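Shown below, as structure tokens, is a lone chain in the form deposited in one PDB entry; questions about how it binds or moves come after it.
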């Protein structure tokens, strides 16, 4: 069986922080730590009041001079477990079910004969950033793939979930075809938001606390806006009509041609600068140039557009279309477009009724992967 590299999505691996801060927002926040501690995922950091400490540490600061993000003063954030699987199997190091992410899939791989940290490895990254600020990650990924090829005697299968697919596409678009033909066996793409997702507009405008309802959407919006990866995944015109309205309010409409106005009108001008920084990273039409298995969920109501009676500080009414709950179905047309643009095969596989996160632990998904890895 071929070596496997796992690429997670947004929120999809642990992050650790170390502190020596000049000031804190509440007295109950730690100023200084002697070592790194887990900043994602630890449920105790997300409780009311304490969550302000977490926001103050996990937010990114956008520097308009350098056009780059930086950590807050006296904060360092690192990504543990590169080359291992623990930090993407369990988001919470307590190993609570709330953070079980790639664990079910890795249990299956190991049952099929894989070895954690050897012929199956994770490629975790700082998912708050877009690929323009993760150069060193891509160098390490290239090196890890080459090492796995040399150690285990053949090309690697990349398995990516959600935003990890856009990270993987960026990487592959930038490697020579001869490198890909030698080192990459196949790319199994699970729930890829090719062309962005509509729900990013609601996140940026009014916040999304759906997974932390005891905290205010306007409070969590602070962190969500600060993550460059959010603005990177706003809808693109190679998937969506430039005239489709994503956000309606009593006085104005916003389409994907209206992002500059949108960012001005929600009071977050840095988001426009982030979008400018990131909108050109992934080449609109260029296929990955490897054997591709595109697995996409359908039959789950997926946010398509939003109507605000009061904008932007109140929750909107939601209009739903088809997809997997998060990724709009029209992302799949991107893979379909790649069929005629690359020589390597592109296989499309619909997963009816498969929700965005559940697809990672779903028996049908795992049976498909087994066929890719172990053969007929």
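Take the two forms, find the largest set of C-alpha atoms that superpose within 1.5 Å, and that set is the rigid core. Positions refer to the first chain, counted from 1.
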194-202 versus 278-286 - which carries the larger mean C-alpha B factor in the record: 278-286
If you take the mean CA temperature factor per stretch, which one wins between 210-218 and 96-104? 210-218
Candidate residues 38, 310, 326, 57, the one whose C-alpha B factor the record puts highest: 310
Once the chain's modelled residues are ordered by C-alpha B factor and cut into thirds, is residue 158 in the lowest, middle or highest one? lowest
In terms of the CA temperature factor given in the entry, to which third of its chain does residue 365 belong: lowest, middle or highest? middle
Among modelled residues of the same chain, the CA temperature factor third for residue 251: highest
If you rank every modelled residue in this chain by C-alpha B factor, which third holds residue 4: lowest, middle or highest? lowest
Third of chain Cα B-factors occupied by residue 267: highest
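There is also a form deposited in another entry; it is not shown, and the following applies to it.
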Which residue in 172, 215, 300, 156 stands out, with a C-alpha shift of 2 Å or more between this form and the one not shown when both forms are set on the rigid core? 215
So, superposing on the core, is the move of residue 67 at the CA at least 2 angstroms between this form and the one not shown? no
By the 2 angstroms cut-off, has the C-alpha of residue 31 moved between this form and the one not shown once the rigid core is superposed? no
Please determine whether the C-alpha atom of residue 325 is displaced by 2 Å or more between this form and the one not shown following superposition on the rigid core. no
Work out the direction of the Cα-Cα change for residue 62 and residue 313 in the other entry: closer or farther than in this form? It's 3 angstroms or more. farther
